[PDB]
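Before any questions on binding or motion, here is one chain by itself as structure tokens, the form deposited in one PDB entry.
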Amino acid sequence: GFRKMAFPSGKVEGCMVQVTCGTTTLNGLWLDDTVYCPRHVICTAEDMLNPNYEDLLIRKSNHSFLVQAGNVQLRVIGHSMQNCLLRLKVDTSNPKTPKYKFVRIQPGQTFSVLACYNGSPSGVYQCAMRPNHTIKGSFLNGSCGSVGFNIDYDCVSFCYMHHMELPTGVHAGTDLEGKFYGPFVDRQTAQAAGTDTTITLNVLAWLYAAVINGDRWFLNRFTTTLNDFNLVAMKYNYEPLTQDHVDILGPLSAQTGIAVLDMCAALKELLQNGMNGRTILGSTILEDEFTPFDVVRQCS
């Protein structure tokens, strides 16, 4: 039917390093003469419950950080903290640094994650930021420091760095300025994901994709309004829709001829009676990790 596709990972692979302090190793991101990694690399098992990061960091020598690219040591010559990241100054600029920028993404948006083990890339996956500010993700197990990204023609937009696994096994992390997505903290403490919800905009996008594919069976038999839509959505643990969501679906509506509120109607009826024994795009679930942007890029 329709596959979740990740961005090609080559540009990011050449930026993955290992960073070791003491007995703790994780992944860092080497761009130009900086390596970024989770600041929790400086913690012992005992530090991790309530780490004095500022104190811990200022006590550390540059020599205490072992940064390896493959097997090659890059000497650190400065360290500073940025929110919940370390910015390590290294003695070599990465010759493989791509064109990049750093972006903070919004809940609901998608990105690719290059899962790594101690600086070795092992695989790539496509995911979304959940409304509860986690990633369901479930590979980032022990690959803290692994990064999430989007690629716009030649430019790499880094948007996530993995820091922690929460109790449910979902992943929590920061943007590349070191600011957590969601209310989580980089310590080993009592914290849980909020209740999650289904990304309604993304489901609508996927319903447009199904239309783009040639599916029309599920088109609405009745009209809805945004309010009446949101009463059902929520019974079904879907995120409520706003007019601004309605607008985002503009181009897809244009491409397909199926008005946005007609599609909201179709989703309401799919939820209440249609997805009983039926499939769309070959699937029995309503996919929510494709954005309107993703659908246009892949289905057009």
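Numbering starts at 1 and follows the sequence shown. Take the two forms, find the largest set of C-alpha atoms that superpose within 1.5 Å, and that set is the rigid core.
The protein also exists as the form solved in complex with a partner chain; that form is not presented, and the subsequent description refers to it.
Checking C144, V211, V76, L201 against its partner chain in the deposited bound form, a heavy atom within 4.5 Å turns up for just one residue: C144. Think of it this way: in the deposited bound form, its partner chain has a heavy atom of just one of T189, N227, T195, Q106 within 4.5 Å, and the residue is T189. Only one listed stretch (98-106, 77-85, 217-225, 157-165) carries heavy atoms within 4.5 Å of its partner chain in the deposited bound form, and that stretch is 157-165. For the chain shown alone, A259 is not a contact residue for its partner chain in the deposited bound form, no non-hydrogen atom being within 4.5 angstroms. In the deposited bound form, none of the heavy atoms of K268 sits within 4.5 Å of a heavy atom of its partner chain. In the deposited bound form, its partner chain lies within 4.5 Å of some heavy atom of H40.
At the 4.5 Å threshold, heavy atoms of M48 reach its partner chain in the deposited bound form. Only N220, out of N230, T110, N220, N94, shows a C-alpha shift of 2 Å or more between this form and the one not shown on alignment of the rigid core.
Once both forms are overlaid on the rigid core, the distance between the two CA positions of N141 between this form and the one not shown is 2 angstroms or more. Put simply, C21 and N141 come closer in the deposited bound form: their C-alpha atoms are 3 Å or more nearer than in the form shown. Cα of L140 to Cα of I285: at least 3 Å longer in the deposited bound form than in the shown structure.
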